[PDB]
Each structure stands twice: as structure tokens, then as C-alpha cells.
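Peer 1: Sharing entry_35.cif here; it has mmCIF, C-alpha atoms and all ligand atoms.
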```cif
data_coords
loop_
_atom_site.label_atom_id
_atom_site.label_comp_id
_atom_site.auth_asym_id
_atom_site.auth_seq_id
_atom_site.Cartn_x
_atom_site.Cartn_y
_atom_site.Cartn_z
CA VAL A 1 75.55 -48.62 32.29
CA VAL A 2 78.97 -47.28 31.25
CA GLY A 3 79.55 -46.95 27.50
CA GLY A 4 75.90 -47.44 26.70
CA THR A 5 73.55 -46.01 24.08
CA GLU A 6 69.95 -44.90 24.72
CA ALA A 7 67.63 -47.86 24.20
CA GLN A 8 64.52 -47.51 22.03
CA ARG A 9 61.32 -47.01 24.07
CA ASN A 10 59.90 -50.45 23.18
CA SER A 11 63.11 -52.55 22.95
CA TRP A 12 63.16 -53.94 26.52
CA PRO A 13 59.54 -53.93 27.86
CA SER A 14 60.38 -56.27 30.77
CA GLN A 15 62.84 -53.81 32.35
CA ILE A 16 61.55 -52.11 35.50
CA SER A 17 62.83 -49.41 37.86
CA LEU A 18 62.96 -50.37 41.56
CA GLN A 19 62.70 -47.16 43.57
CA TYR A 20 62.76 -46.17 47.25
CA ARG A 21 61.05 -43.28 49.06
CA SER A 22 63.27 -40.31 49.87
CA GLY A 23 61.34 -37.42 51.42
CA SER A 24 58.59 -36.10 49.14
CA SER A 25 60.09 -37.85 46.09
CA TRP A 26 61.22 -41.30 44.92
CA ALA A 27 64.74 -42.35 43.90
CA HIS A 28 65.90 -45.15 41.58
CA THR A 29 68.09 -47.74 43.29
CA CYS A 30 67.96 -50.82 41.08
CA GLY A 31 66.62 -52.51 37.99
CA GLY A 32 64.49 -55.61 37.73
CA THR A 33 62.64 -57.84 35.29
CA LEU A 34 58.86 -58.24 35.15
CA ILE A 35 58.31 -62.04 35.04
CA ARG A 36 54.56 -62.22 35.83
CA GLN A 37 51.94 -59.43 35.81
CA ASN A 38 52.30 -59.34 39.61
CA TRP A 39 55.93 -60.54 40.04
CA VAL A 40 59.31 -58.85 39.56
CA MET A 41 62.72 -60.58 39.58
CA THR A 42 65.54 -58.48 41.07
CA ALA A 43 68.78 -58.87 43.07
CA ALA A 44 68.60 -59.78 46.75
CA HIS A 45 71.09 -57.03 47.72
CA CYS A 46 68.75 -54.42 46.24
CA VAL A 47 66.23 -55.12 48.99
CA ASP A 48 68.73 -55.51 51.90
CA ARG A 49 67.87 -52.08 53.31
CA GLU A 50 64.55 -51.62 55.19
CA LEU A 51 63.28 -49.01 52.70
CA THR A 52 59.84 -48.44 51.17
CA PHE A 53 59.91 -49.78 47.62
CA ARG A 54 57.84 -49.22 44.49
CA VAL A 55 58.10 -50.71 41.01
CA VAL A 56 57.76 -48.64 37.83
CA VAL A 57 56.94 -50.53 34.62
CA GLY A 58 56.85 -48.84 31.18
CA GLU A 59 59.57 -46.45 32.34
CA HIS A 60 62.05 -44.83 29.95
CA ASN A 61 63.07 -41.49 31.52
CA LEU A 62 63.43 -41.23 35.33
CA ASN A 63 63.23 -37.41 35.45
CA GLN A 64 60.42 -36.80 32.92
CA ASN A 65 56.85 -38.06 32.44
CA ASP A 66 56.95 -40.51 29.49
CA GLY A 67 53.17 -41.00 29.54
CA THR A 68 53.58 -44.80 29.53
CA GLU A 69 54.44 -45.56 33.19
CA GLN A 70 52.50 -47.61 35.73
CA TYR A 71 53.47 -47.21 39.41
CA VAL A 72 52.84 -50.15 41.77
CA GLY A 73 53.81 -50.85 45.39
CA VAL A 74 55.66 -53.95 46.61
CA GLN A 75 53.37 -56.25 48.64
CA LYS A 76 55.82 -59.04 49.54
CA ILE A 77 59.60 -59.49 49.27
CA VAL A 78 60.87 -63.06 48.92
CA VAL A 79 64.68 -63.18 49.07
CA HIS A 80 66.58 -66.44 48.37
CA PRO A 81 66.98 -68.24 51.78
CA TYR A 82 70.67 -68.83 51.12
CA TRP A 83 71.44 -65.15 50.48
CA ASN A 84 74.11 -63.69 52.75
CA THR A 85 74.49 -59.88 52.77
CA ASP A 86 78.09 -60.25 54.03
CA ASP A 87 78.97 -62.46 51.03
CA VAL A 88 77.87 -61.35 47.52
CA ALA A 89 80.49 -63.76 46.08
CA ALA A 90 78.65 -66.81 47.52
CA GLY A 91 75.85 -66.14 45.06
CA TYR A 92 72.07 -66.43 45.57
CA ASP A 93 71.72 -62.73 44.69
CA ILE A 94 68.10 -63.05 43.62
CA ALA A 95 64.75 -61.93 45.02
CA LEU A 96 61.14 -61.98 43.89
CA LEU A 97 58.81 -59.05 44.53
CA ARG A 98 55.04 -59.56 44.57
CA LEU A 99 53.35 -56.41 43.30
CA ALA A 100 50.28 -54.94 45.05
CA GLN A 101 48.37 -54.69 41.75
CA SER A 102 48.78 -56.64 38.50
CA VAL A 103 50.23 -54.45 35.75
CA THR A 104 48.60 -54.03 32.32
CA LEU A 105 50.53 -55.41 29.34
CA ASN A 106 51.29 -53.35 26.20
CA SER A 107 54.29 -52.48 23.94
CA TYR A 108 56.11 -50.91 26.93
CA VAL A 109 55.15 -53.54 29.52
CA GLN A 110 55.79 -57.25 28.76
CA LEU A 111 56.93 -60.33 30.66
CA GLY A 112 60.58 -61.31 30.46
CA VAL A 113 61.35 -64.60 28.75
CA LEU A 114 63.28 -66.84 31.13
CA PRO A 115 65.77 -69.45 29.85
CA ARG A 116 65.22 -73.20 30.26
CA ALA A 117 66.66 -74.68 33.49
CA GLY A 118 70.38 -75.43 33.39
CA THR A 119 71.13 -73.43 30.21
CA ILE A 120 74.76 -72.27 30.08
CA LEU A 121 75.78 -69.97 27.26
CA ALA A 122 78.85 -70.69 25.14
CA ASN A 123 81.79 -68.25 25.45
CA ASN A 124 81.30 -64.85 23.74
CA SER A 125 77.50 -65.28 23.44
CA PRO A 126 75.59 -62.12 22.31
CA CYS A 127 74.07 -60.18 25.20
CA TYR A 128 72.83 -56.74 26.17
CA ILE A 129 72.74 -55.22 29.65
CA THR A 130 70.08 -52.58 30.28
CA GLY A 131 69.54 -50.08 33.07
CA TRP A 132 69.54 -46.57 34.50
CA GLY A 133 72.76 -47.15 36.46
CA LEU A 134 75.79 -44.84 36.56
CA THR A 135 77.14 -43.79 33.15
CA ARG A 136 80.70 -43.60 34.50
CA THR A 137 82.53 -45.01 37.55
CA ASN A 138 81.55 -42.75 40.49
CA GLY A 139 79.25 -40.88 38.11
CA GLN A 140 75.49 -40.33 38.11
CA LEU A 141 72.43 -42.31 37.05
CA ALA A 142 71.27 -42.17 33.45
CA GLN A 143 68.11 -40.17 32.75
CA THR A 144 67.07 -42.51 29.93
CA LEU A 145 67.25 -46.34 29.73
CA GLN A 146 70.69 -47.37 28.48
CA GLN A 147 71.86 -50.53 26.72
CA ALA A 148 75.32 -51.97 26.03
CA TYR A 149 76.58 -55.00 24.17
CA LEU A 150 78.26 -57.28 26.70
CA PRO A 151 79.33 -60.69 25.29
CA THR A 152 79.55 -63.56 27.79
CA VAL A 153 82.79 -64.69 29.40
CA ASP A 154 82.42 -68.38 30.36
CA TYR A 155 83.18 -69.87 33.80
CA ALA A 156 86.67 -71.18 32.84
CA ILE A 157 87.93 -67.78 31.66
CA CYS A 158 86.05 -65.70 34.25
CA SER A 159 87.18 -67.79 37.23
CA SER A 160 90.83 -67.61 36.10
CA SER A 161 93.55 -65.64 37.96
CA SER A 162 93.69 -62.46 35.81
CA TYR A 163 89.89 -62.19 35.84
CA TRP A 164 87.67 -62.77 38.91
CA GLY A 165 89.26 -65.89 40.40
CA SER A 166 87.34 -67.78 43.13
CA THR A 167 84.91 -64.82 43.48
CA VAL A 168 82.82 -66.02 40.52
CA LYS A 169 80.74 -69.18 40.93
CA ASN A 170 79.07 -71.43 38.34
CA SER A 171 75.73 -70.03 39.57
CA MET A 172 76.80 -66.75 37.91
CA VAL A 173 77.10 -65.36 34.36
CA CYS A 174 79.88 -62.96 33.47
CA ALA A 175 79.62 -60.53 30.59
CA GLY A 176 81.77 -57.80 29.10
CA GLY A 177 85.16 -56.74 30.43
CA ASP A 178 86.29 -54.73 27.39
CA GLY A 179 87.13 -51.70 29.56
CA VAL A 180 84.60 -49.39 27.86
CA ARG A 181 81.21 -51.07 28.43
CA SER A 182 79.77 -52.45 31.68
CA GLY A 183 77.09 -52.39 34.32
CA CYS A 184 77.44 -49.89 37.17
CA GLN A 185 75.76 -48.90 40.45
CA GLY A 186 72.01 -48.70 39.93
CA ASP A 187 71.99 -51.40 37.23
CA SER A 188 71.91 -54.12 39.94
CA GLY A 189 68.86 -56.35 39.88
CA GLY A 190 68.39 -55.59 36.21
CA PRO A 191 68.46 -57.95 33.20
CA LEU A 192 71.17 -59.33 30.94
CA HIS A 193 69.28 -60.11 27.74
CA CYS A 194 70.88 -62.87 25.67
CA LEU A 195 70.04 -64.00 22.14
CA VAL A 196 69.30 -67.74 22.01
CA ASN A 197 67.80 -69.25 18.81
CA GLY A 198 66.56 -65.86 17.61
CA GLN A 199 64.81 -64.86 20.86
CA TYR A 200 66.11 -62.63 23.67
CA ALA A 201 65.89 -64.19 27.13
CA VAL A 202 66.86 -62.83 30.55
CA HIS A 203 69.89 -64.97 31.44
CA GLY A 204 71.19 -62.74 34.20
CA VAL A 205 70.25 -60.55 37.15
CA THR A 206 72.95 -57.85 37.61
CA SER A 207 74.83 -58.57 40.82
CA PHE A 208 78.26 -56.92 41.07
CA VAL A 209 81.17 -55.10 39.45
CA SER A 210 84.76 -54.40 40.59
CA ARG A 211 85.48 -52.18 43.60
CA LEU A 212 88.22 -50.50 41.53
CA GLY A 213 85.63 -49.48 38.95
CA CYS A 214 82.75 -50.47 36.71
CA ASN A 215 84.45 -50.56 33.29
CA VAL A 216 87.66 -52.38 34.18
CA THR A 217 89.44 -54.64 31.67
CA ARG A 218 89.29 -58.32 32.69
CA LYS A 219 86.65 -57.56 35.36
CA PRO A 220 83.36 -58.30 33.52
CA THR A 221 80.01 -57.43 35.06
CA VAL A 222 78.80 -60.38 37.13
CA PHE A 223 75.18 -61.54 37.07
CA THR A 224 73.18 -64.16 38.97
CA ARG A 225 72.50 -67.00 36.47
CA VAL A 226 68.72 -67.11 36.07
CA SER A 227 68.78 -70.67 34.63
CA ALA A 228 70.10 -71.99 37.97
CA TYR A 229 67.01 -70.62 39.76
CA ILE A 230 64.04 -71.67 37.57
CA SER A 231 62.81 -74.24 40.13
CA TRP A 232 63.18 -71.68 42.93
CA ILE A 233 61.29 -68.97 40.94
CA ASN A 234 58.42 -71.37 40.12
CA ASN A 235 58.23 -72.58 43.75
CA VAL A 236 57.91 -69.01 45.11
CA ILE A 237 55.18 -68.02 42.59
CA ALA A 238 53.25 -71.25 43.31
CA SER A 239 53.32 -70.89 47.12
CA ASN A 240 52.52 -67.16 47.29
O1 LIG B 301 75.63 -54.17 42.77
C1 LIG B 301 74.82 -53.52 42.10
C2 LIG B 301 74.86 -52.02 42.13
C3 LIG B 301 74.67 -51.48 43.52
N1 LIG B 301 73.45 -51.80 44.26
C4 LIG B 301 73.22 -51.10 45.52
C5 LIG B 301 71.77 -51.21 45.92
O2 LIG B 301 70.95 -50.45 45.37
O3 LIG B 301 71.46 -52.05 46.78
#
```
So, in terms of C-alpha cells, how does the structure I just supplied come out?
Peer 2:
Amino acid sequence: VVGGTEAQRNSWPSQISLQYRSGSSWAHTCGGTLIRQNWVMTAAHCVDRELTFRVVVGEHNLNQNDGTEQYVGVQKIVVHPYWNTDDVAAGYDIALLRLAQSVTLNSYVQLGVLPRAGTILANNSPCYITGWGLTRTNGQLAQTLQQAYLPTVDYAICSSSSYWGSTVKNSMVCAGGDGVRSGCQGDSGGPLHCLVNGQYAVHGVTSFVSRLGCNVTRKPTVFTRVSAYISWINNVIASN
């Protein structure tokens, strides 16, 4: 997250760190949202590579022991059948990860509230992106969980010429684009928490940013719209 502030330890308990094995250690690659005690919602591109993945819930600092973390392996990866690795712009950048063990719930580990099916936010709706992604374009990962206010940019404005054009689909949510705040590499798969009727709900799964940079004016961070996949999410959980 570029232009973010350090989130409070118990502000976003559904945020998880998706990590891969690298030698004798583990490295953060993406974010995710805990949706069931044994299920994590992330981006499909995050699991494109044939790496060994683990999920860390109750995580705040990646480099230090917070004394609140629970480490669990990934038992099954269910990517959306329509996902194409050669086309992130086509959408369907969503995947569900079944955890090997069911995580224990507390103030640092809670389930993410999902929006009702078909919910589209009005333009400039209040949202917050969270993650351990790069703090600057071509920078490094954040040590502590970062948050940034990213108001929504509706389909009409985001799919216009000066913005994203035909790249953005209606199955996506766009947020930010102020040139200071945005998602960045490593935030992918993570949540976009939006305030609807007093409650924060995970309306987006971080998908992509501009190739020219993360915090680029008129190039808001693009997320997979969670409300377009409620039936899919429920069908996967019910069959597995
Ligand atoms: O697009 C999201 C940030 C980059 N994700 C790369 C990855 O970890 O797969």
C-alpha cells in the first residue's frame, strides 16, 4: 500500500498473509480474506505459480513475532474456472483456499463480512485497502499492516478513456486514483473494506494496478467485485 498508515492491530481481523516457501524461510506474496474458519478468499493470479503456500492469520508484522499469529497450510486451491493467466483484464481474478486446519477466532482473527449478491457501490463510496504490499512503486513490502482510504470510482468513470478504458469490467470495483494512495505489488488478493450501512464489508479482492506505477492519477487500484461471485463462493464451500 502506497501512502498508507499503520493499521491498528485489531482493525482488520479478516486480513491474512499468503506466503510461499523460499529456502529455510517463508516470504509474503499476497493478501487474502478469511471467509470461513477453514476458507480464505484471495486472487487467482496469486496462486498461478506452483509454489508451496501457507496462510498466516492474526498477522500484523511480517518480520517480528506478534504473539497472535496462527500458521496453517493450504489443503486445496480452487481457482475460478474462467480465470485466464494471460488475461487479468477479463476478470475472474478470484480463488478460494481450503485450509488444512480450522483457525481459532479472537480479536485478531475474524471472518470477513461479504456483501449481498449484486451490490454495486455508488461513486465515491468510503473504502479502505489493507495489506503488506510495496510502500512505493518499485519499493519494498511493508513490515506492518498498512491501510489507505481509497474511495470508489464507479464503472462509468473508471471505464472512460482517461482512466482504464475497456480494461475494467463491470465484474470489477475500482478505488482510489488520487496519485498518493493505492494498492501495490503484494497487496493482491487482499481486501477492499467498504462501509455500507455502518458495517465494513469486503467488496473487493485486489487484482491489479498500472504498469507505469501503483499510485498513478486516474489509474485507480482495480479489484475483483466480490458481490458478483457470492453464488460461486457458496458453491465451492458447499461442494468441498
Ligand atoms: O497484482 C497484484 C500484485 C502482484 N501479485 C503478484 C503475485 O504475487 O502473484
Peer 1: Go through A:79, A:236, A:205, A:173 and flag the residue nearest residue 32 of chain A, using only C-alpha atoms for the distances.
Peer 2: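 Distance minimum relative to residue 32 of chain A lands on A:205.
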Peer 1: Check which residues fall inside 9 Å of ligand LIG 301 (chain B) when counting only C-alpha atoms and all ligand atoms, and print them as a PyMOL selection string.
Peer 2: chain A and resi 18+28-31+43-49+88+133+183-190+206-209+222
Peer 1: Using C-alpha atoms, can you write the selected residues to a file as a compact mmCIF listing (two decimals), in the coordinates of the input?
Peer 2:
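This is the output file result_19.txt:
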```txt
# COMPACT_ATOMS: atom_id res chain seq x y z
CA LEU A 18 62.96 -50.37 41.56
CA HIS A 28 65.90 -45.15 41.58
CA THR A 29 68.09 -47.74 43.29
CA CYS A 30 67.96 -50.82 41.08
CA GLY A 31 66.62 -52.51 37.99
CA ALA A 43 68.78 -58.87 43.07
CA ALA A 44 68.60 -59.78 46.75
CA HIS A 45 71.09 -57.03 47.72
CA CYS A 46 68.75 -54.42 46.24
CA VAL A 47 66.23 -55.12 48.99
CA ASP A 48 68.73 -55.51 51.90
CA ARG A 49 67.87 -52.08 53.31
CA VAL A 88 77.87 -61.35 47.52
CA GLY A 133 72.76 -47.15 36.46
CA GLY A 183 77.09 -52.39 34.32
CA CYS A 184 77.44 -49.89 37.17
CA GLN A 185 75.76 -48.90 40.45
CA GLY A 186 72.01 -48.70 39.93
CA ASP A 187 71.99 -51.40 37.23
CA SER A 188 71.91 -54.12 39.94
CA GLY A 189 68.86 -56.35 39.88
CA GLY A 190 68.39 -55.59 36.21
CA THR A 206 72.95 -57.85 37.61
CA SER A 207 74.83 -58.57 40.82
CA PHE A 208 78.26 -56.92 41.07
CA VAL A 209 81.17 -55.10 39.45
CA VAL A 222 78.80 -60.38 37.13
```
Peer 1: Under the rule that all atoms listed in the file are counted, which of A:82, A:219, A:39, A:126 is the nearest residue to residue 160 of chain A?
Peer 2: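 Of A:82, A:219, A:39, A:126, the one nearest residue 160 of chain A, counting all atoms listed in the file, is A:219.
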Peer 1: Considering all atoms listed in the file, state which residue in the set A:114, A:95, A:158, A:150 is at the smallest distance from residue 40 of chain A.
Peer 2: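 Smallest separation from residue 40 of chain A among the options: A:95.
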Peer 1: Taking 4 positions as the minimum chain separation for residues in the same chain, which residues sit within 9 Å of residue 196 of chain A when counting all atoms listed in the file? Answer as a PDB file with C-alpha atoms, keeping the file's coordinate frame.
Peer 2:
```pdb
ATOM      1  CA  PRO A 115      65.770 -69.450  29.850  1.00  0.00           C
ATOM      2  CA  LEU A 121      75.780 -69.970  27.260  1.00  0.00           C
ATOM      3  CA  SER A 125      77.500 -65.280  23.440  1.00  0.00           C
ATOM      4  CA  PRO A 126      75.590 -62.120  22.310  1.00  0.00           C
ATOM      5  CA  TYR A 200      66.110 -62.630  23.670  1.00  0.00           C
ATOM      6  CA  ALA A 201      65.890 -64.190  27.130  1.00  0.00           C
TER       7      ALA A 201
END
```
Peer 1: Which residues are close to residue 51 of chain A, i.e. within 12 Å by only C-alpha atoms, leaving aside same-chain residues fewer than 5 positions away? Reply as an MDAnalysis selection string.
Peer 2: chainID A and resid 18:23 26:27 29 46 74 77
Peer 1: Would you mind reading off the distance between atom CA of residue 108 of chain A and atom CA of residue 230 of chain A, one decimal, in Å?
Peer 2: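 Atom-to-atom, atom CA of residue 108 of chain A and atom CA of residue 230 of chain A are spaced 24.6 Å apart.
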Peer 1: Expressed in Å to a single decimal, how great is the separation between atom CA of residue 5 of chain A and atom CA of residue 123 of chain A?
Peer 2: 23.8 Å
Peer 1: Choose the residue, out of A:91, A:16, A:139, A:120, that has the smallest atom-to-atom separation from residue 72 of chain A; count all atoms listed in the file.
Peer 2: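 Result for the nearest residue to residue 72 of chain A: A:16.
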Peer 1: I'd like the contact shell of residue 127 of chain A - 9 Å cut-off, all atoms listed in the file, skipping same-chain residues fewer than 6 positions apart - returned as number ranges by chain.
Peer 2: A: 148-152, 175-176, 192-195, 200, 203
Peer 1: Pick out the closest residue to residue 37 of chain A from this set: A:78, A:103, A:55, A:2. Count all atoms listed in the file.
Peer 2: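 Looking only at the distances to residue 37 of chain A, the closest residue turns out to be A:103.
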Peer 1: Take atom CA of residue 111 of chain A and atom CA of residue 34 of chain A and report the distance between them in Å, one decimal.
Peer 2: 5.3 Å
Peer 1: Quick one: residues within 10 Å of segment 210-214 of chain A, all atoms listed in the file counted, chain neighbours fewer than 2 positions away excluded, as a list in words?
Peer 2: residues 1, 2, 134, 135, 136, 137, 138, 164, 177, 179, 180, 181, 182, 183, 184, 185, 208, 216, 217, 218, 219, 220, 221 and 222 of chain A
Peer 1: Filtering to C-alpha atoms, could you give me those residues as a JSON list (two decimals), keeping the file's coordinate frame?
Peer 2:
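again.json, freshly written:
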```json
[["chain", "number", "residue", "atom", "x", "y", "z"],
["A", 1, "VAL", "CA", 75.55, -48.62, 32.29],
["A", 2, "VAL", "CA", 78.97, -47.28, 31.25],
["A", 134, "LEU", "CA", 75.79, -44.84, 36.56],
["A", 135, "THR", "CA", 77.14, -43.79, 33.15],
["A", 136, "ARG", "CA", 80.70, -43.60, 34.50],
["A", 137, "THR", "CA", 82.53, -45.01, 37.55],
["A", 138, "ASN", "CA", 81.55, -42.75, 40.49],
["A", 164, "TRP", "CA", 87.67, -62.77, 38.91],
["A", 177, "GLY", "CA", 85.16, -56.74, 30.43],
["A", 179, "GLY", "CA", 87.13, -51.70, 29.56],
["A", 180, "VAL", "CA", 84.60, -49.39, 27.86],
["A", 181, "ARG", "CA", 81.21, -51.07, 28.43],
["A", 182, "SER", "CA", 79.77, -52.45, 31.68],
["A", 183, "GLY", "CA", 77.09, -52.39, 34.32],
["A", 184, "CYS", "CA", 77.44, -49.89, 37.17],
["A", 185, "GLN", "CA", 75.76, -48.90, 40.45],
["A", 208, "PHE", "CA", 78.26, -56.92, 41.07],
["A", 216, "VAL", "CA", 87.66, -52.38, 34.18],
["A", 217, "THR", "CA", 89.44, -54.64, 31.67],
["A", 218, "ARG", "CA", 89.29, -58.32, 32.69],
["A", 219, "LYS", "CA", 86.65, -57.56, 35.36],
["A", 220, "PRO", "CA", 83.36, -58.30, 33.52],
["A", 221, "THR", "CA", 80.01, -57.43, 35.06],
["A", 222, "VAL", "CA", 78.80, -60.38, 37.13]]
```
Peer 1: At most 12 Å from (53.3, -55.4, 24.0), file frame, all atoms listed in the file: which residues, as a PyMOL selection string?
Peer 2: chain A and resi 9-14+58+68+104-112
Peer 1: Those residues with C-alpha atoms, as a JSON list (two decimals), in the frame of the given file please?
Peer 2:
```json
[["chain", "number", "residue", "atom", "x", "y", "z"],
["A", 9, "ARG", "CA", 61.32, -47.01, 24.07],
["A", 10, "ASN", "CA", 59.90, -50.45, 23.18],
["A", 11, "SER", "CA", 63.11, -52.55, 22.95],
["A", 12, "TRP", "CA", 63.16, -53.94, 26.52],
["A", 13, "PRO", "CA", 59.54, -53.93, 27.86],
["A", 14, "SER", "CA", 60.38, -56.27, 30.77],
["A", 58, "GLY", "CA", 56.85, -48.84, 31.18],
["A", 68, "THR", "CA", 53.58, -44.80, 29.53],
["A", 104, "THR", "CA", 48.60, -54.03, 32.32],
["A", 105, "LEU", "CA", 50.53, -55.41, 29.34],
["A", 106, "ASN", "CA", 51.29, -53.35, 26.20],
["A", 107, "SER", "CA", 54.29, -52.48, 23.94],
["A", 108, "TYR", "CA", 56.11, -50.91, 26.93],
["A", 109, "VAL", "CA", 55.15, -53.54, 29.52],
["A", 110, "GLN", "CA", 55.79, -57.25, 28.76],
["A", 111, "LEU", "CA", 56.93, -60.33, 30.66],
["A", 112, "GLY", "CA", 60.58, -61.31, 30.46]]
```
Peer 1: Using all atoms listed in the file, can you tell me which of A:227, A:102, A:234, A:143 comes closest to residue 66 of chain A?
Peer 2: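 Distance minimum relative to residue 66 of chain A lands on A:143.
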Peer 1: Which polymer residues have any atom within 10 Å of an atom of residue 89 of chain A, counting all atoms listed in the file, with same-chain residues fewer than 2 positions away left out, as a list in words?
Peer 2: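 The residues that qualify are residues 84, 85, 86, 87, 91, 92, 93, 166, 167, 168, 169, 172, 207, 208 and 222 of chain A.
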Peer 1: If I wrap all listed atoms of segment 53-70 of chain A in a box with edges along x, y and z and add 3 Å on each side, what are its centre and edge lengths in Å to one decimal, as lines of an AutoDock Vina configuration file?
Peer 2:
```
center_x = 58.0
center_y = -43.8
center_z = 38.6
size_x = 16.9
size_y = 19.9
size_z = 24.1
```
Peer 1: Fix up segment 93-110 of chain A with N, CA, C and O atoms, then write it as a JSON list (two decimals), keeping the file's coordinate frame.
Peer 2:
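Wrote it out as selection16.json, contents follow:
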```json
[["chain", "number", "residue", "atom", "x", "y", "z"],
["A", 93, "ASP", "N", 72.12, -64.13, 44.77],
["A", 93, "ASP", "CA", 71.72, -62.73, 44.69],
["A", 93, "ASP", "C", 70.50, -62.61, 43.79],
["A", 93, "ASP", "O", 70.57, -62.11, 42.65],
["A", 94, "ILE", "N", 69.37, -63.06, 44.32],
["A", 94, "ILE", "CA", 68.10, -63.05, 43.62],
["A", 94, "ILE", "C", 66.95, -62.91, 44.62],
["A", 94, "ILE", "O", 67.04, -63.40, 45.75],
["A", 95, "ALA", "N", 65.93, -62.17, 44.21],
["A", 95, "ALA", "CA", 64.75, -61.93, 45.02],
["A", 95, "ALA", "C", 63.55, -61.71, 44.13],
["A", 95, "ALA", "O", 63.68, -61.21, 43.01],
["A", 96, "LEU", "N", 62.39, -62.15, 44.61],
["A", 96, "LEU", "CA", 61.14, -61.98, 43.89],
["A", 96, "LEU", "C", 60.25, -61.03, 44.66],
["A", 96, "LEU", "O", 60.14, -61.11, 45.89],
["A", 97, "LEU", "N", 59.68, -60.06, 43.94],
["A", 97, "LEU", "CA", 58.81, -59.05, 44.53],
["A", 97, "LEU", "C", 57.39, -59.21, 44.03],
["A", 97, "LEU", "O", 57.15, -59.14, 42.83],
["A", 98, "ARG", "N", 56.45, -59.45, 44.95],
["A", 98, "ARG", "CA", 55.04, -59.56, 44.57],
["A", 98, "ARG", "C", 54.49, -58.15, 44.59],
["A", 98, "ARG", "O", 54.65, -57.42, 45.56],
["A", 99, "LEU", "N", 53.92, -57.75, 43.46],
["A", 99, "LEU", "CA", 53.35, -56.41, 43.30],
["A", 99, "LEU", "C", 51.94, -56.36, 43.89],
["A", 99, "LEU", "O", 51.22, -57.36, 43.88],
["A", 100, "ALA", "N", 51.59, -55.19, 44.42],
["A", 100, "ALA", "CA", 50.28, -54.94, 45.05],
["A", 100, "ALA", "C", 49.11, -55.06, 44.07],
["A", 100, "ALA", "O", 48.02, -55.49, 44.44],
["A", 101, "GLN", "N", 49.35, -54.63, 42.83],
["A", 101, "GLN", "CA", 48.37, -54.69, 41.75],
["A", 101, "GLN", "C", 49.05, -55.34, 40.55],
["A", 101, "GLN", "O", 50.27, -55.26, 40.39],
["A", 102, "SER", "N", 48.26, -56.02, 39.71],
["A", 102, "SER", "CA", 48.78, -56.64, 38.50],
["A", 102, "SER", "C", 48.84, -55.58, 37.41],
["A", 102, "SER", "O", 47.85, -54.88, 37.16],
["A", 103, "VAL", "N", 50.01, -55.44, 36.80],
["A", 103, "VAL", "CA", 50.23, -54.45, 35.75],
["A", 103, "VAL", "C", 49.62, -54.85, 34.40],
["A", 103, "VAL", "O", 49.50, -56.04, 34.09],
["A", 104, "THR", "N", 49.21, -53.84, 33.63],
["A", 104, "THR", "CA", 48.60, -54.03, 32.32],
["A", 104, "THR", "C", 49.70, -54.16, 31.26],
["A", 104, "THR", "O", 50.66, -53.37, 31.25],
["A", 105, "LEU", "N", 49.57, -55.16, 30.40],
["A", 105, "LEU", "CA", 50.53, -55.41, 29.34],
["A", 105, "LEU", "C", 50.25, -54.65, 28.04],
["A", 105, "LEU", "O", 49.10, -54.54, 27.61],
["A", 106, "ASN", "N", 51.32, -54.10, 27.46],
["A", 106, "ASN", "CA", 51.29, -53.35, 26.20],
["A", 106, "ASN", "C", 52.70, -53.39, 25.58],
["A", 106, "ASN", "O", 53.54, -54.18, 26.02],
["A", 107, "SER", "N", 52.98, -52.52, 24.60],
["A", 107, "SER", "CA", 54.29, -52.48, 23.94],
["A", 107, "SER", "C", 55.45, -52.02, 24.83],
["A", 107, "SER", "O", 56.62, -52.25, 24.51],
["A", 108, "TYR", "N", 55.12, -51.41, 25.97],
["A", 108, "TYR", "CA", 56.11, -50.91, 26.93],
["A", 108, "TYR", "C", 56.20, -51.76, 28.18],
["A", 108, "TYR", "O", 57.12, -51.59, 28.99],
["A", 109, "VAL", "N", 55.22, -52.65, 28.36],
["A", 109, "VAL", "CA", 55.15, -53.54, 29.52],
["A", 109, "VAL", "C", 54.89, -54.98, 29.08],
["A", 109, "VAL", "O", 53.79, -55.32, 28.66],
["A", 110, "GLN", "N", 55.92, -55.83, 29.13],
["A", 110, "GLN", "CA", 55.79, -57.25, 28.76],
["A", 110, "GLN", "C", 56.55, -58.10, 29.75],
["A", 110, "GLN", "O", 57.40, -57.59, 30.50]]
```
